[PDB]
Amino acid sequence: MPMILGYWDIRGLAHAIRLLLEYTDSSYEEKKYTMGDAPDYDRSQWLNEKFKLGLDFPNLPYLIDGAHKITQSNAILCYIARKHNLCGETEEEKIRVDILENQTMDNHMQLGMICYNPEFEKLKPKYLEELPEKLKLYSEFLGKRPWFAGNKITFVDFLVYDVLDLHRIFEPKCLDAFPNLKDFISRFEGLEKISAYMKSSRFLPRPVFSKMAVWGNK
């Protein structure tokens, strides 16, 4: 019965999924892949079973729940969310969820691109220069709402939390100009099932990225 979540033994793209699985009290186990160390960074464990699990578009992370085999982190989150009415009910909520689902991936991928290239320190200045405007848009989108879709928490709160928390690790002061984002993080981490998970042995906040990353590899 327990679902299987497959991913590298890192935080990465599985962080929001792990948090949502824990928030919804879902029964799951993790299939963990380990990347080899430098200089080769072997990925054989995944690449050689990548095509042996019945996934339609093999990729990490994946979720196996009975006959349902899902890839793409956002499709995984949506699947879990539908089981728990975490998807937005009003048309307004649904639009906000769809926008943020795609926007959070853009901003995550932009950080991933800066952290996997070797000129990271050469490219980091322009990134931090353009970062406050990115966070301001999140802060203004939230405004006075408790959650990003409106009055009710949805799966995109888990995506926005991950994006925000990644950046306060990346730059510790980046949220100081945005008190409503700091309060959002405080309220998210204070949710009973989330707080219990973050204080448990399963909590895997680091490394942020794979061994292949210039930043966040450890």
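So that there is no doubt, residue numbering starts at 1 and follows the sequence shown. The term rigid core refers to the most C-alpha atoms you can superpose between the two forms while keeping them within 1.5 Å.
- When the other structures are laid on the shown form by the core, the C-alphas of 49-57 and 150-158 differ in how far they drift in 5 other deposited structures of this protein; the larger average drift belongs to 49-57.
- Here 36-44 and 181-189 are scored by the root mean square distance of their C-alpha atoms in 5 other deposited structures of this protein, with each structure fitted by the rigid core; the higher score goes to 36-44.
- Stretches 180-188 and 35-43 differ in mean C-alpha B factor, with the higher average recorded for 35-43.
- Legend: mean Cα B-factor per stretch from the PDB entry, 24-32 versus 152-160; the higher mean is in 24-32.
- Within the listed group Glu130, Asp106, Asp98, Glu92, the record reports its top CA B-factor for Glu130.
- The top Cα temperature factor in the record, among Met113, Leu135, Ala75, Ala81, falls on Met113.
- When the modelled residues of the chain are ordered by their C-alpha B factor, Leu86 lands in the middle third.
- Looking at the C-alpha B-factors along this chain, the one for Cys174 belongs to the highest third.
- Per the deposited record, the Cα B-factor of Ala67 falls in the highest third when ranked against the other modelled residues of its chain.
- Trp215: CA B factor in the highest third of modelled residues in this chain (values from the PDB entry).
- In this PDB entry, the Cα temperature factor of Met3 sits in the middle third of its chain's modelled residues.
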